[PDB]
Each structure stands twice: as C-alpha cells, then as structure tokens.
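First comes the structure, then the notes that go with it.
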Amino acid sequence: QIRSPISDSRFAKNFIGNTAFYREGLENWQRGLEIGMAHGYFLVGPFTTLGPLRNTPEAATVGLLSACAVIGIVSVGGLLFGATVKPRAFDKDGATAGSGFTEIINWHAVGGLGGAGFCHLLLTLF
Amino acid sequence: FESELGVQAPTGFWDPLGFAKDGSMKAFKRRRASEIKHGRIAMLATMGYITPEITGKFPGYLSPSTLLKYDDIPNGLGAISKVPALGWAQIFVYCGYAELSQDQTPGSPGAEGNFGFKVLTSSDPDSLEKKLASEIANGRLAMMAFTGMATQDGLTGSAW
Amino acid sequence: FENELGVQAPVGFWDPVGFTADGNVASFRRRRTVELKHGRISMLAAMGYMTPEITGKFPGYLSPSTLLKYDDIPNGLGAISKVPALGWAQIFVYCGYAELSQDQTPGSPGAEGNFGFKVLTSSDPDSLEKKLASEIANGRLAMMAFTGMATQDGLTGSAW
Amino acid sequence: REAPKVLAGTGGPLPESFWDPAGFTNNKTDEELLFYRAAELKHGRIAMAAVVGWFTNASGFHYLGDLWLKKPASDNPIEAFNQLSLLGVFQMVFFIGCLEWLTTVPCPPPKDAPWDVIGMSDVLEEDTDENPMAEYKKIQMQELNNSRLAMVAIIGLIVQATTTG
Amino acid sequence: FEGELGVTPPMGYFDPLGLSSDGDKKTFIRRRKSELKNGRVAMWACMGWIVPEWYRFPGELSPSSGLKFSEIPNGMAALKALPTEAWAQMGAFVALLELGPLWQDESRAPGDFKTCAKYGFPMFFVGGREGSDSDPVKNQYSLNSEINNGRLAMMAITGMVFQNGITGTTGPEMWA
Ligand code: CLA
Ligand SMILES: CC(=O)O[C@H]1CC(C)(C)C(=C=C/C(C)=C/C=C/C=C/C=C(C)/C=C2C=C(/C=C/[C@@]34O[C@]3(C)C[C@@H](O)CC4(C)C)C(=O)O/2)[C@](C)(O)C1
Ligand code: KC1
Ligand code: KC1
Ligand SMILES: CC1=C(/C=C/C(C)=C/C=C/C(C)=C/C=C/C=C(C)/C=C/C=C(C)/C=C/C2=C(C)CCCC2(C)C)C(C)(C)CCC1
C-alpha cells in the first residue's frame with residue numbers, strides 16, 4: 001500500500017483504472033474483446049518480419065497464423081488458470097467461481113483472432 | 001432566445017441547424033457580437049469594392065516611395081499582394097487599436113456591438129430597434145453580398 | 001486638473017480643442033503619460049540631431065563586421081537606412097525592454113510617468129515640482145523642435 | 001493591480017511579479033485563469049522539450065531517421081522534419097493526439113490544477129515550513145521560468161530558420 | 001424500448017431476435033450509439049461511392065507522384081490504388097475525430113456530440129466553437145429521419161460492397 005507517483009498518482013489510478021481489465025461499465029466480454037484485439041494486433045508484428053518466412057510474399061499470412069497460434073495458446077493457458085485458480089475477481093452475483101475470468105479469457109481469444117486478422121488485413125492492404 | 005434584434009419578419013427565429021437549443025446565453029451573446037462586427041466589416045468592404053469601381057481610384061500616390069497611383073492596384077482579390085505589406089500592417093494596426101480600445105470583453109458595453117459611434121441616435125422615437133435591426137439585417141445581407149462578390153471576383157477572374 | 005506641470009508663466013491653460021469632456025480623469029492621466037514620453041524621446045532625438053554636427057560624429061566602427069564608421073552615416077533621417085538592421089533591432093529591443101520592464105497599465109506609478117530613473121532621486125522636495133515643470137516645458141519645446149528638424153531635413157538634404 | 005489569487009504569485013521577473021500588461025486576467029473566472037496556466041505550462045513543456053530536440057538534432061544526434069531515410073539526415077531540424085515521411089509525421093500527430101486524449105477522457109487532470117496531467121498533486125504533500133528541504137514551489141517556478149524562456153527560444157529557432165537558413 | 005427515437009411506422013419496434021429484450025439500459029445505449037455511428041459512417045460511405053462517379057475532384061492527390069483524383073478507381077479498388085500514405089492520413093484523421101471533437105460523452109445523448117450542429121454540421125472546425133445539444137422532442141422527425149436513413153445507407157453500402165465484389169467493377173453493371 002506504499003504510495004509512489006508511478007502507482008498512486010492520479011494518472012496511474014485513472015490509467016490502470018480505465019484499462020479494459022478495470023474500466024467501469026464494461027461487461028466481461030468487452031474486457032476480453034478489447035484486450036484480445038490489442039494482443040492480436042501486437043502479435044502479428046514480431047512474426048511477419050523477424051521470422052522463418054520473412055522475405056516471402058506470404059510473410060504477413062504466416063505471421064497472422066503464428067499470432068493466432070500464440071493467442072490460442074495463451075487463451076488455453078488462461079482457461080487453465082480459470083479452471084484451476086478460479087480468480088473470482090470478475091464474477092457477478094451468484095454465478096460460479098471463475099465464470100467472469102473464463103468469459104474474459106474466451107473473449108480475449110476472440111478479440112485476439114479479430115485483432116490479428118485486422119493487422120493482417122492492414123498489412124496485405126496499404 | 002426568441003425576441004432579440006435579429007428576428008425581422010421575412011423569416012422568424014431562423015436557426016435551421018439548432019445553435020440555440022438550450023441557449024447558452026454567453027455563447028449567443030458572443031455570437032451576436034460576432035454577427036454585428038462581421039456585418040459592419042462586410043458593409044465597409046462592400047463599399048470598398050463597389051465605390052472604387054464607379055468612383056475612380058483615389059487621386060493620389062498611396063505610397064510616396066513606391067509609386068502606387070491606386071490605378072495599379074486592381075479592385076478585388078489580388079490587391080492583397082498589391083497594397084504594401086507595410087500598408088497592410090498599418091490598416092491591421094488601426095483595426096487592432098480600434099478593438100484594443102474600449103473593451104468588448106464578455107459583459108462589457110463593447111460585447112453587444114455598442115462602441116460609441118452614435119451617428120444616428122434617433123431620440124428614442126420607437127426607432128432604436130429600427131436602427132439596430134436595420135444594421136443587423138444589412139449586416140447579414142452585406143455578408144452574403146460580399147461572399148457572392150468575392151466568388152464573382154475570383155471565379156470570373158477580376159472585379160465583377 | 002489644475003496644479004500639474006503644464007501651468008507656467010506665459011500660458012498654463014493652453015487647450016483650444018482638447019479637454020473634450022473637461023473630465024475623463026483616465027484620459028488626462030494617459031495624456032500626461034504620452035506627454036512625458038514624447039517629451040523624453042523628442043529631447044533625445046534633438047540631442048542626437050544636435051551632438052553630430054557640432055562636436056563631430058563619434059570615431060569608431062559601429063559595425064566592424066560591415067565597416068560602418070560612425071561618421072560616414074548621414075546625420076539626419078537618411079541614417080534610418082545605412083545603420084544595419086541588426087543595430088536597429090537592438091535599438092528596438094532596448095526600447096521594448098525600457099517600456100515593458102515597468103508596467104505601463106494606467107494606475108501604476110509608471111503609468112503617470114515615473115519610470116524609476118531617479119538619477120537625482122529628488123527626495124520629494126520642493127525641487128520635485130520645478131524639475132518636473134522644466135522637464136515638461138523642455139519636452140514640449142523638444143517635440144516642436146524635432147518636428148521642425150525632421151521637416152527641414154525631409155525638405156533640404158541633411159539636418160540643415 | 002495584484003494577482004487573481006488563483007495564480008497567486010507564480011511568475012514574473014520575481015515570483016510575486018504579476019506582469020500582465022494587457023488585461024488578459026481581469027473579469028475572468030478562476031477556471032479561465034487555471035486554463036491559462038495549463039495552456040502556458042503545456043506550451044512550455046512542449047517548448048522545453050522542443051529546444052532539446054532541436055539542439056540534439058542540430059548537433060548530429062539524429063538517429064531513428066538516419067535509419068528511416070537510409071542516409072544521414074539534415075542537421076537543420078526543419079529540413080530534418082521535412083525529410084520525414086508523411087507516415088512518420090502522422091504517427092507523431094496520432095501519438096500526441098492519443099496523449100491528449102489520455103489526459104482528457106480516461107485521466108482528466110485535477111480540476112484545481114489542470115496542468116497536473118500526471119496527477120502529481122495526489123502524492124505530493126505541499127511546501128511546508130516544517131520541511132527544511134521544501135522546494136516544491138521553487139521547482140514549480142523553475143518549470144515555469146524555463147517554460148516561458150523556451151517558449152520564446154523555440155520560436156527564435158524556428159523563425160530564425162526558414163527565413164535566414 | 002418502444003418510445004425511443006428510431007421507432008418508425010413502417011415496422012415499429014422491430015427487435016425480432018430480442019437482442020434488447022431485457023432492460024439493461026447500458027446495452028441499449030451502447031447499441032444506439034453504434035447504430036447512429038454506423039449509420040453516419042455508411043451515409044458518408046454511400047456518398048463517397050456515389051459522388052466520385054460524377055465529380056472526380058479537380059486537383060491531384062500527390063503532386064510529387066502525379067496521382068490525380070480522376071484516375072483512382074472508385075469503390076474497393078482505391079484500397080490498393082491510393083498510396084498508403086493517403087490511407088494512413090485518412091485513418092489518422094478519423095482517429096483524431098473520434099478521440100477529440102467526436103468523443104461521445106456518456107452524460108449526453110447517444111449520438112449527441114457537443115461540437116456538431118443539427119444536420120451534422122461541424123460547428124467545430126470553426127475555432128472549435130461548440131454546437132448544438134440533443135433535444136429529441138422538437139427535432140424528433142429529423143432524429144428518426146437520420147436514424148432510418150443511416151439504417152438504409154448501412155444496408156446500401158453493404159449491398160454496394162458486395163456488388164463490387166461480384167461484378168468487379170463500379171460502373172453501370174454494379175448498379176444494374
Ligand atoms: C458568422 C456570421 C454570423 C453569426 C455569428 C451569426 C449569429 C447569429 N445569427 Mg445570423 N446570419 C448570418 C451570419 C451570422 N449570424 C448571415 C450571413 C445571415 C443571412 C443568411 C444570417 C441570418 C440570420 C437570421 C435570419 C437569424 C440569425 C440569428 C442569429 C443568432 C442565433 C443563430 C445562431 O446561433 O447562429 C450562430 C452563428 C452561426 C451558426 C454562424 C456559423 C456560419 C457557418 C460557420 C458558415 C455557414 C455557411 C457559409 C456561408 C460557408 C461559406 C464558405 C466558408 C467555409 C469559407 C446568432 C446571434 C437569429 C437571431 O437573431 O435570433 C435572435 C435569426 O433569426 N441570423
Ligand atoms: C462541412 C459542411 O458544410 O457539411 C455539413 C453539411 C450537412 C448537410 C449539414 C451535413 C450532413 C449530413 C446530411 C444531412 C446528409 C445526409 C445523408 C444521407 C444519406 C443517405 C444514403 C447515402 C442513403 C442511400 C441508400 C443508397 C443505396 C441505394 C442503391 O445503391 C444500392 C444500395 C444498390 C444499387 O444497386 C441501387 C441503389 C438504389 C442505387 C444510396 O445511394 O443512398 C454534414 C456533412 O454533416 C455537415
Ligand atoms: C497620422 C499618422 C500616420 C502617418 C504619419 C502615416 C504616414 C504614412 N502612411 Mg499611413 N495611415 C494612417 C496613419 C498614418 N500614416 C492611418 C490611420 C491609416 C488608416 C489605417 C493609414 C493608412 C495607410 C496606408 C493604407 C498606407 C499608408 C502609408 C503611409 C506612408 C508611406 C510610407 C512609404 O511609402 O514610404 C506614410 C509615411 C503607405 C505605406 O507605404 O505604409 C508604410 C500605405 O500604403 N498609410
Ligand atoms: C467566409 C465567411 C466567414 C464565416 C462564415 C465566418 C464565421 C465565423 N467567424 Mg469569421 N472571418 C471571416 C469570414 C468568415 N467568418 C473573414 C474574412 C475574417 C477576416 C476579416 C474573419 C475573422 C474572424 C475573426 C477574427 C473571428 C471570427 C470568428 C468567426 C466565428 C465564430 C463565432 C462563433 O462561433 O461564436 C464564425 C462562426 C470568431 C472565432 O471564434 O474565431 C475563432 C473570431 O474571433 N472570424
Ligand atoms: C509507443 C509508445 C508507447 C505505447 C506503446 C504501446 C502500448 C503500443 C501499443 C499499440 C497497440 C497494441 C495498438 C493496438 C491496436 C489494435 C487494433 C487496431 C485492433 C483492431 C482489431 C479489430 C478492429 C478487430 C476487429 C474484429 C473483431 C473485433 C473480431 C471479429 C473480426 C474483426 C476483424 C471484425 C508508450 C505510451 C508506452 C510510451 C513510448 C511510446
């Protein structure tokens with residue numbers, strides 16, 4: 001609970017607090033979708049270039065496939081975490097332990113696929 | 001606001017794009033000030049176009065050092081580059097002093113278009129509204145006429 | 001506005017058209033300001049038109065990069081061109097500092113004329129008012145004199 | 001005329017040197033004067049950064065653009081900026097827009113101190129007399145004075161260039 | 001949600017699948033903002049598909065590349081014909097619009113942006129000098145006109161995208 005400007009200034013409180021993982025008014029699926037879109041759009045990057053098939057016409061497609069694979073693997077890991085730990089930090093009233101976190105991870109997988117596809121689209125075009 | 005000087009008769013409260021809904025007052029007050037000032041400038045400029053056309057260009061030399069007989073400066077667009085940059089600076093300074101005179105800050109007597117000309121101060125014969133509304137209506141008409149005049153001056157190529 | 005500066009022996013009510021409202025305290029304070037300022041500037045200008053011809057122009061360069069020995073610059077008017085724009089810009093920045101250092105907004109002690117240049121720093125004696133009156137009288141004389149000299153070298157070559 | 005007490009001795013040749021010679025402070029509510037200070041500090045911080053960027057571009061430290069242009073970029077910061085592709089310029093515009101969005105929509109600045117975009121006023125206490133090393137007002141004045149100086153310095157650099165070469 | 005702006009006599013309160021069957025006013029407000037923004041974007045896109053076939057702009061896109069407005073193929077071929085700098089600049093402009101003047105304030109009405117006048121007039125872009133604020137009761141006819149015109153233009157832009165995908169062209173064949 002120590003106070004530091006990096007972790008207790010108003011910018012930090014309203015920045016981490018307004019992220020998808022913490023933003024008020026967001027359903028679990030919205031948080032998952034937003035985090036997934038961010039992760040998927042990021043992950044296409046380091047694969048299309050800096051990869052085995054760099055200097056090939058299908059570099060963007062291979063990067064997209066690898067980014068989707070990484071999103072799927074981390075989503076399986078998140079499902080594993082929700083099945084084992086059941087974080088319970090996002091569950092609504094009643095429901096079951098870890099339902100909110102599992103929904104977040106599933107929609108993170110969906111958003112990761114979406115963001116990876118969007119990055120691949122923006123690479124093939126323009 | 002639905003009863004100010006602007007509403008003449010041919011059109012009532014003419015706010016087609018709804019700038020008045022939930023009248024912000026201060027917004028409307030400063031927009032009325034802008035309307036008054038723009039109309040006055042438009043009237044002056046419409047003079048500055050239609051009078052040099054009929055009345056000949058000033059008998060004089062404008063710049064005593066750079067041979068501007070007012071005849072090499074054409075009436076219309078393009079005179080921006082013909083009048084000296086120093087002359088433009090000086091007319092700019094005149095306007096700047098005229099405004100940086102009596103304040104037109106929000107709420108001040110300068111903020112409603114009142115500045116202190118009083119050329120036509122009719123002795124309150126139910127005619128203060130006459131002169132105010134006439135100035136506003138002629139301001140709107142002169143701004144529209146100015147826009148049309150500048151479009152004719154540029155589109156056609158010169159003057160009219 | 002009776003016992004300030006202007007009252008002296010030959011005249012002291014000299015105002016054929018001024019004192020428009022006979023009041024406007026702020027207007028008269030601003031007018032005494034411009035009086036003291038224009039007076040000082042006119043005195044410096046008259047000296048700068050008076051020191052060159054007798055006790056001849058300084059020996060030196062004034063611009064060793066551009067070799068503009070103080071003497072070869074024309075005495076009157078024409079000096080506005082040959083002195084480099086670098087030096088003119090430095091003159092202008094000195095003037096801007098001298099005016100904007102102390103606040104010129106009306107009401108301040110610097111508004112009425114006291115710029116804090118108390119060389120003799122008269123410790124509010126009876127000498128204060130007589131020094132003020134001599135300053136303002138020589139200021140009016142210097143304004144007239146420098147307008148005359150500027151006209152003279154505008155119509156006949158150098159300052160004479 | 002004294003300071004409007006919402007600025008309250010925060011600038012001038014000296015700290016208590018309310019300097020406005022244009023009547024840009026009178027008959028103005030506290031929110032507007034706070035806006036003026038926030039605009040001054042933002043313009044400053046931007047300038048103070050821009051002066052350092054100019055002097056590190058005009059000193060040959062112009063990588064990341066040495067590589068983008070694939071050849072040594074111009075030392076003149078204006079020409080160096082012109083050498084940048086429109087993609088890079090609009091990336092800079094987009095990043096500054098995202099930063100401005102951050103400090104308005106998700107992380108609004110404190111109401112009484114709009115210049116505190118980082119929200120530093122929620123972790124700092126104040127300058128107090130019990131503190132032998134109290135310098136928060138002093139560093140605020142350092143920031144303000146360097147801001148006001150760099151605001152004219154960067155304009156001197158920009159207008160001096162593109163008109164003299 | 002019958003009684004909200006958008007309900008129009010030709011269909012009435014539609015909701016066949018019952019997406020907004022429950023109350024959850026937050027979800028309805030979100031979907032109303034989405035509907036209004038998609039409708040506005042689709043009306044913009046339908047104009048951007050109609051007008052270029054009549055008024056190819058006078059000048060040139062890139063003066064240093066000679067690309068004139070009269071040669072970029074209309075429809076879904078400018079995606080791979082217009083230079084990527086132009087597309088990136090358009091995307092950045094839309095980003096600045098939505099992050100700046102056109103960021104929805106949750107207290108205001110769903111489609112209400114303070115910076116815009118009634119018929120969509122950008123009363124910002126003029127010193128940034130604010131605009132209207134939503135009054136549903138007086139402009140209700142214009143409100144529903146905008147909403148269902150946006151619906152029609154969304155269906156229209158989808159149809160025209162598929163027309164370009166099928167016929168390959170955007171001349172007379174696409175429009176039939
Ligand atoms: C910039 C000039 C200007 C300004 C500030 C105003 C301001 C005002 N007018 Mg007004 N008016 C103007 C010009 C202007 N008018 C002109 C030229 C006409 C003639 C067509 C009128 C006719 C008119 C009527 C008939 C009425 C008003 C009324 C009003 C008041 C309420 C409406 C409102 O909020 O408008 C806010 C101000 C604006 C919306 C101005 C924005 C103009 C946009 C930006 C441009 C419009 C298109 C333009 C021609 C494009 C030219 C090209 C350009 C991009 C280069 C307000 C004080 C009403 C009133 O007085 O009620 C009491 C009223 O009944 N006006
Ligand atoms: C800067 C400035 O001054 O601007 C200001 C000016 C304004 C006016 C205030 C303003 C605004 C907004 C306004 C009111 C504009 C209105 C928009 C409405 C658009 C409606 C549209 C598109 C609807 C359609 C549907 C279409 C589809 C039809 C077809 O194609 C289809 C599917 C298939 C073809 O086979 C056959 C077809 C039948 C052909 C079509 O084609 O039309 C603005 C810009 O916001 C500000
Ligand atoms: C009483 C104070 C006064 C003086 C003493 C003065 C003197 C000169 N004016 Mg002048 N002037 C005003 C006041 C004064 N002007 C006012 C109130 C206005 C209305 C806005 C105005 C308008 C213009 C315009 C439009 C031009 C102009 C010029 C010159 C000029 C030529 C110098 C040169 O050519 O060497 C000289 C000496 C021309 C120009 O060149 O500006 C430098 C030119 O175009 N002035
Ligand atoms: C083409 C026609 C035209 C229109 C349609 C128009 C409209 C508006 N002008 Mg305007 N204008 C000109 C032409 C037009 N202006 C010209 C030729 C000049 C040079 C003489 C000029 C000068 C200024 C200045 C100095 C200001 C100004 C403003 C506004 C304003 C905001 C009011 C409001 O929205 O509250 C609106 C709507 C003020 C503003 O807020 O600017 C940030 C302001 O200070 N204008
Ligand atoms: C640089 C910088 C920074 C930042 C960084 C970062 C963090 C970045 C990131 C970035 C990013 C990371 C971005 C992202 C983006 C994303 C996107 C743009 C996405 C999109 C997506 C989409 C759009 C999708 C869609 C979809 C879905 C939803 C599903 C289905 C399918 C589809 C496709 C339809 C900082 C401040 C630190 C500082 C320094 C500078």
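Residues in the structure tokens are named by chain (A, B, ... in the order shown) and by number from 1 within that chain; ligands are numbered from 1 in the order shown.
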Mind checking which residues fall within 10 Å of range 60-74 of chain B, counting only C-alpha atoms, ignoring those fewer than 6 positions away in the same chain, and posting them as a ChimeraX atom specification?
/B:52-53,80-84,86-87,158-159
Distance limit 7 Å, reference ligand 1, atoms considered: only C-alpha atoms and all ligand atoms. Which residues make the cut? Give them as number ranges by chain.
B: 1-7, 11-15, 19-20, 28-29, 31-32, 34-35, 38, 140-141, 143-144; E: 123, 126
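For chain D, the residues no farther than 10 Å from chain A when using only C-alpha atoms are residues 102, 103, 105, 106, 107, 108, 109, 110, 116, 117, 118, 119, 120, 121, 122, 123 and 124 of chain D.
Closest approach to residue 43 in chain A among A:116, A:74, A:104, A:85 is made by A:116 (distances from only C-alpha atoms).
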Proximal residues of chain B relative to chain D (only C-alpha atoms; 12 Å) as a PyMOL selection string:
chain B and resi 100-108
Same residues, N, CA and C atoms, saved as a PDB file, in the first residue's frame:
```
ATOM      1  N   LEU B 100      -8.687  46.968 -29.412  1.00  0.00           N
ATOM      2  CA  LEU B 100      -7.910  47.099 -28.183  1.00  0.00           C
ATOM      3  C   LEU B 100      -8.143  48.431 -27.488  1.00  0.00           C
ATOM      4  N   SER B 101      -9.039  49.251 -28.030  1.00  0.00           N
ATOM      5  CA  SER B 101      -9.631  50.382 -27.333  1.00  0.00           C
ATOM      6  C   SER B 101     -10.676  49.817 -26.383  1.00  0.00           C
ATOM      7  N   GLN B 102     -11.720  50.608 -26.090  1.00  0.00           N
ATOM      8  CA  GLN B 102     -12.833  50.173 -25.224  1.00  0.00           C
ATOM      9  C   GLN B 102     -13.036  48.690 -25.297  1.00  0.00           C
ATOM     10  N   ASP B 103     -13.088  48.025 -24.146  1.00  0.00           N
ATOM     11  CA  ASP B 103     -13.101  46.574 -24.249  1.00  0.00           C
ATOM     12  C   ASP B 103     -14.439  46.052 -24.754  1.00  0.00           C
ATOM     13  N   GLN B 104     -14.370  44.958 -25.512  1.00  0.00           N
ATOM     14  CA  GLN B 104     -15.537  44.168 -25.877  1.00  0.00           C
ATOM     15  C   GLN B 104     -15.539  42.827 -25.151  1.00  0.00           C
ATOM     16  N   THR B 105     -14.959  42.797 -23.953  1.00  0.00           N
ATOM     17  CA  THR B 105     -14.912  41.581 -23.162  1.00  0.00           C
ATOM     18  C   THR B 105     -16.329  41.161 -22.775  1.00  0.00           C
ATOM     19  N   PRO B 106     -16.554  39.862 -22.519  1.00  0.00           N
ATOM     20  CA  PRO B 106     -17.909  39.393 -22.185  1.00  0.00           C
ATOM     21  C   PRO B 106     -18.564  40.180 -21.062  1.00  0.00           C
ATOM     22  N   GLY B 107     -19.709  40.792 -21.359  1.00  0.00           N
ATOM     23  CA  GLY B 107     -20.439  41.601 -20.413  1.00  0.00           C
ATOM     24  C   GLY B 107     -20.169  43.089 -20.514  1.00  0.00           C
ATOM     25  N   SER B 108     -19.064  43.483 -21.141  1.00  0.00           N
ATOM     26  CA  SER B 108     -18.744  44.892 -21.277  1.00  0.00           C
ATOM     27  C   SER B 108     -19.665  45.547 -22.303  1.00  0.00           C
TER      28      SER B 108
END
```
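Within range 15-163 of chain E, residues classed as strand (DSSP E) by DSSP on backbone coordinates are residues 60, 61, 62, 67 and 68 of chain E.
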Next, the residues of the selection above should be written as a PDB file, in the first residue's frame with C-alpha atoms.
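part-v2.pdb written:
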```
ATOM      1  CA  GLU E  60      -4.204  15.716 -57.753  1.00  0.00           C
ATOM      2  CA  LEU E  61      -3.717  13.614 -54.624  1.00  0.00           C
ATOM      3  CA  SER E  62       0.083  13.555 -54.585  1.00  0.00           C
ATOM      4  CA  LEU E  67      -1.806  10.932 -58.865  1.00  0.00           C
ATOM      5  CA  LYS E  68      -4.893  12.909 -59.880  1.00  0.00           C
TER       6      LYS E  68
END
```
Shell of 7 Å around ligand 5 (only C-alpha atoms and all ligand atoms), written as an MDAnalysis selection string:
chainID A and resid 33 37:39 41:42 110:111 113:115 117:118
Taking 3 positions as the minimum chain separation for residues in the same chain, which residues sit within 7 Å of residue 75 in chain C when counting only C-alpha atoms? Answer as a PyMOL selection string.
chain C and resi 52+79+158-159
Next, dump the selected residues to file, keeping only N, CA and C atoms, as a PDB file, in the first residue's frame.
```pdb
ATOM      1  N   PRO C  52      25.714  65.531 -33.322  1.00  0.00           N
ATOM      2  CA  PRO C  52      26.522  65.181 -34.501  1.00  0.00           C
ATOM      3  C   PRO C  52      27.235  66.351 -35.167  1.00  0.00           C
ATOM      4  N   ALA C  79      19.966  58.241 -41.971  1.00  0.00           N
ATOM      5  CA  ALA C  79      20.572  57.227 -41.118  1.00  0.00           C
ATOM      6  C   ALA C  79      19.651  56.038 -40.880  1.00  0.00           C
ATOM      7  N   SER C 158      20.418  67.000 -45.531  1.00  0.00           N
ATOM      8  CA  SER C 158      20.704  66.592 -44.162  1.00  0.00           C
ATOM      9  C   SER C 158      20.001  67.542 -43.192  1.00  0.00           C
ATOM     10  N   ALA C 159      20.367  67.466 -41.907  1.00  0.00           N
ATOM     11  CA  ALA C 159      19.609  68.163 -40.869  1.00  0.00           C
ATOM     12  C   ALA C 159      19.520  69.662 -41.123  1.00  0.00           C
TER      13      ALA C 159
END
```
6 Å shell around ligand 2 using only C-alpha atoms and all ligand atoms, listed as a compact mmCIF listing (two decimals) with N, CA, C and O atoms, in the first residue's frame:
```
# COMPACT_ATOMS: atom_id res chain seq x y z
N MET E 43 -23.74 6.48 -44.43
CA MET E 43 -24.18 7.57 -45.29
C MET E 43 -22.98 8.28 -45.91
O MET E 43 -22.97 8.59 -47.11
N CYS E 46 -21.68 5.89 -48.60
CA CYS E 46 -22.53 5.88 -49.78
C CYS E 46 -22.30 7.14 -50.61
O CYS E 46 -22.25 7.07 -51.84
N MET E 47 -22.14 8.29 -49.95
CA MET E 47 -21.76 9.49 -50.70
C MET E 47 -20.40 9.31 -51.35
O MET E 47 -20.19 9.72 -52.50
N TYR E 119 -27.71 19.26 -38.44
CA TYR E 119 -27.73 18.29 -39.52
C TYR E 119 -26.39 17.61 -39.73
O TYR E 119 -26.11 17.11 -40.83
N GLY E 120 -25.56 17.58 -38.69
CA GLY E 120 -24.22 17.07 -38.79
C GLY E 120 -23.19 18.13 -39.07
O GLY E 120 -22.02 17.79 -39.29
N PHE E 121 -23.58 19.39 -39.06
CA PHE E 121 -22.66 20.47 -39.39
C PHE E 121 -21.52 20.49 -38.39
O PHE E 121 -21.78 20.57 -37.18
N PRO E 122 -20.28 20.44 -38.83
CA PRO E 122 -19.16 20.55 -37.90
C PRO E 122 -19.02 21.97 -37.40
O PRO E 122 -18.33 22.77 -38.03
N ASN E 149 -32.45 6.70 -42.16
CA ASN E 149 -31.60 6.93 -43.31
C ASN E 149 -30.25 6.26 -43.12
O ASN E 149 -29.68 5.71 -44.07
N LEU E 152 -30.80 2.56 -43.75
CA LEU E 152 -30.88 2.32 -45.18
C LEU E 152 -29.51 2.41 -45.82
O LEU E 152 -29.17 1.59 -46.68
N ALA E 153 -28.70 3.38 -45.42
CA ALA E 153 -27.38 3.54 -46.01
C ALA E 153 -26.43 2.43 -45.57
O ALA E 153 -25.51 2.09 -46.32
N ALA E 156 -27.36 -0.27 -47.77
CA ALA E 156 -26.94 0.13 -49.10
C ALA E 156 -25.45 -0.06 -49.31
O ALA E 156 -25.03 -0.59 -50.34
N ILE E 157 -24.63 0.37 -48.35
CA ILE E 157 -23.19 0.26 -48.51
C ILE E 157 -22.76 -1.20 -48.47
O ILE E 157 -21.85 -1.61 -49.20
N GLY E 159 -24.66 -3.67 -49.62
CA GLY E 159 -25.04 -4.15 -50.93
C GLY E 159 -24.08 -3.72 -52.01
O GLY E 159 -23.76 -4.48 -52.91
N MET E 160 -23.59 -2.48 -51.92
CA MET E 160 -22.70 -1.97 -52.96
C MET E 160 -21.30 -2.57 -52.83
O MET E 160 -20.62 -2.79 -53.84
N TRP E 175 -24.49 -1.17 -60.45
CA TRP E 175 -25.76 -0.57 -60.09
C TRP E 175 -26.94 -1.20 -60.83
O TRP E 175 -28.09 -0.92 -60.48
N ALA E 176 -26.67 -2.00 -61.86
CA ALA E 176 -27.68 -2.73 -62.63
C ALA E 176 -28.56 -1.80 -63.45
O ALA E 176 -28.37 -0.58 -63.45
```
Taking only C-alpha atoms into account, find every residue of chain B that has an atom no more than 7 Å from chain E, and write it out as a short mmCIF file (atom, residue, chain, number, x, y, z; two decimals) with C-alpha atoms, in the first residue's frame.
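Contents of selection-v4.cif, freshly written:
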```cif
data_model
loop_
_atom_site.label_atom_id
_atom_site.label_comp_id
_atom_site.auth_asym_id
_atom_site.auth_seq_id
_atom_site.Cartn_x
_atom_site.Cartn_y
_atom_site.Cartn_z
CA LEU B 17 -29.05 23.95 -37.56
CA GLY B 18 -30.12 24.43 -33.94
CA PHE B 19 -27.33 26.55 -32.48
CA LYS B 21 -31.30 24.80 -28.40
#
```
